[PDB]
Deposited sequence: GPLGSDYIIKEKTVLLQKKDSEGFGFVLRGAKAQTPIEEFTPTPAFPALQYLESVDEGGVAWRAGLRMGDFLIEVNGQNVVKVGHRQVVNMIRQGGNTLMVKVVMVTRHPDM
């Protein structure tokens, strides 16, 4: 608006169940105490998502920011620690993300 940026923020929580011989189908990237902002809500985001893969079919998309992994908040958690948390769940991953559109 005239006084500042307007955004739509969509939260998505999904259950990923994969097979032993595949990945969840996404590439995680760390952007950098940290204070979340609308434009920058979390440290880790989906740099890419394999179209038709497990993560895609559940509704995850490139650019989604990761908020929680398996009931633990990861908004302020570094890249290697989040990767490890995801691998701890094996073939199951419950994740909450936020998608942000800026105008």
Compare the deposited sequence with the modelled residues and state the ranges that are missing C-alpha positions.
33 to 38, 110 to 112
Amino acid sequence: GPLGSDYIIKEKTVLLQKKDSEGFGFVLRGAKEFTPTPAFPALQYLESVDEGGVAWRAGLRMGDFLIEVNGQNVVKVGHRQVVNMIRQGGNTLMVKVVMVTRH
From here on, numbers count along this sequence of modelled residues.
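Note that the rigid core is defined as the largest set of C-alphas that superpose within 1.5 Å between two forms.
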Between 72 to 80 and 33 to 41, the one whose CA atoms sit farther away in 5 other deposited structures of this protein (rigid core aligned)
33 to 41
Superpose by the rigid core: which stretch, 23 to 31 or 62 to 70, shows more Cα shift in 5 other deposited structures of this protein?
23 to 31
Highest mean C-alpha temperature factor of the two stretches 59 to 67 and 23 to 31, which is it?
23 to 31
So 5 to 13 or 91 to 99, which one's hotter by mean CA B-factor in the entry?
5 to 13
Among the choices 54, 46, 39, 42, identify the one whose CA B-factor in the record is greatest.
39
